[PDB]
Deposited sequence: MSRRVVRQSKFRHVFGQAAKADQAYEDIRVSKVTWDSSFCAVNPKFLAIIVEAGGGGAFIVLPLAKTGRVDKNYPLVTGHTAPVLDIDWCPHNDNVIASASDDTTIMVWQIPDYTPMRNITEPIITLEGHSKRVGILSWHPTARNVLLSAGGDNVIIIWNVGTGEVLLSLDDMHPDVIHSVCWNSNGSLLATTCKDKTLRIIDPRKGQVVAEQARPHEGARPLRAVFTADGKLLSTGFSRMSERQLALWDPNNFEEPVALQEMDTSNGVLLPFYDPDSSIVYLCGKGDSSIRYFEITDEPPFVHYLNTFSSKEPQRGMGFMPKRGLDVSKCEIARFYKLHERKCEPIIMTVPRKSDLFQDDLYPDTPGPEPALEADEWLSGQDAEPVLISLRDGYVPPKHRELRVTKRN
């Protein structure tokens, strides 16, 4: 099989490119515990609830007295950077709140305790966050109350509240590329595609597939679903679903009988998905194409060190000059180690076929335009122009 990704390989960064002496949270939750953007590395740490934010240039040993973000009163369960502001991060906590933070470029004098805004809509833990890809200041949360809330961060207003659309625990919620639809996984063992503005499930599995449990699901660029989960016999699975025919997967890859939820990291430009879970020492990666069997194993980056979490650098942070197509931020017990994925062209020329124009830091829509039903594609930028800072510095509430 001819693949331009045949020779994609991982390499650990040099020891002095690591972030050392960071107490990674050991709370039992299946989120990645790590959010990275082109400026910052954010990690959920052993605390109440706390996370650390490090400028990417500040490699080596983190000072014992390095300031933390500590506004929450119970463990932090999820963190997500604003796609349209590289100094804004949202945190979700077991305390039932979401806090949205203005991160300084400098080191503050003490712990950051005062967010831009606190969002109080859930009656139970908030373990899922996802910023809207195109609509300014729009933020999704999903809680242990099985409610999905879509917020306007700028006003603190609830735009949409999807209560009781799931009969049991919601494991994951993903936007599609233009933020018109949601994909969800549920403890009732079924996938759903939801139109949040219609308040309707538009596609669902009538019943579980051979008693399998989906725990994560993301959209492919063409609107199919990639799910991860466990078979009836506890075999970890990657599946590709056509939501127009939800009764049989297009493709199913069964792997090992390990315990950890596999997190899918999907590259829509390469059509590559990387899988790894808490406790895994490896990163396994696959190409998705319309040639059968559609899901194509490429390779595995192996190590002797189980991960405690994993960050994934957005496109605007990749080193295009080195044909870096992904950068993982692997969490160990006490450190964060970058792992670089390379397509080895051995060329000083910008590789356009690897780096098509990609969503930039400018929103395509205002919150009210999106709520009124407008759809737009993301505003694309070129990665050849280097780092282009967001127009917005301070998110004003």
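Enquirer: Enumerate the deposited-sequence segments absent from the coordinates, judged by C-alpha atoms, in order of position.
Expert: Missing from the model are residues 1-6, 54-55, 406-409.
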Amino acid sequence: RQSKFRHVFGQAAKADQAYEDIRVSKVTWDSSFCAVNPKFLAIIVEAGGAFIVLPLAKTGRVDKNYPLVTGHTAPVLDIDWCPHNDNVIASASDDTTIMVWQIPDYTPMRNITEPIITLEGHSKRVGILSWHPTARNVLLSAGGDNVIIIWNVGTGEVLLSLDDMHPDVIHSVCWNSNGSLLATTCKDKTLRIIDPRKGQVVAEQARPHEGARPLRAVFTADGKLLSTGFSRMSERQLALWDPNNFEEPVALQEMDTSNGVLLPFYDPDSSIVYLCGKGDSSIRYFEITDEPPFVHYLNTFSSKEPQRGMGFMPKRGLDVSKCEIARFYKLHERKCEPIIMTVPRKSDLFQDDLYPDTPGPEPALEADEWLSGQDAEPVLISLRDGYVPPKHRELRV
From here on, numbers count along this sequence of modelled residues.
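Enquirer: In the PDB record, does 296-304 or 125-133 carry the higher mean Cα temperature factor?
Expert: Stretch with the greater average CA B-factor: 296-304.
Enquirer: Between 97-105 and 242-250, point out the one with the higher average CA B-factor as the PDB entry records it.
Expert: Mean CA B-factor is higher for 242-250.
Enquirer: Out of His166, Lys322, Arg197, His171, which residue has the highest Cα temperature factor in the PDB record?
Expert: That would be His166.
Enquirer: Taking the values straight from the PDB record, which of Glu287, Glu204, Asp86, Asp145 has the highest C-alpha temperature factor?
Expert: Comparing C-alpha B-factors across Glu287, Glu204, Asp86, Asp145, the top value belongs to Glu204.
Enquirer: Which third, lowest, middle or highest, does the C-alpha temperature factor of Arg216 belong to within its own chain?
Expert: Its C-alpha B-factor, which the entry lists for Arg216, ranks in the lowest third among residues of this chain.
Enquirer: When the modelled residues of the chain are sorted by Cα temperature factor, does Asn65 land in the lowest, middle or highest third?
Expert: Answer is highest: the recorded C-alpha B-factor places it there.
Enquirer: Compare the C-alpha B factor of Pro38 with those of the other modelled residues in its chain, then answer lowest, middle or highest third.
Expert: Its C-alpha B-factor belongs to the lowest third of this chain's values.
Enquirer: Classify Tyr19 as lowest, middle or highest third according to the C-alpha B-factor given in the PDB entry, relative to its own chain.
Expert: Its C-alpha B-factor belongs to the middle third of this chain's values.
Enquirer: Among the modelled residues of its chain, does the C-alpha B-factor of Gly386 lie in the lowest, middle or highest third?
Expert: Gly386: CA B-factor falls in the highest third of its chain.
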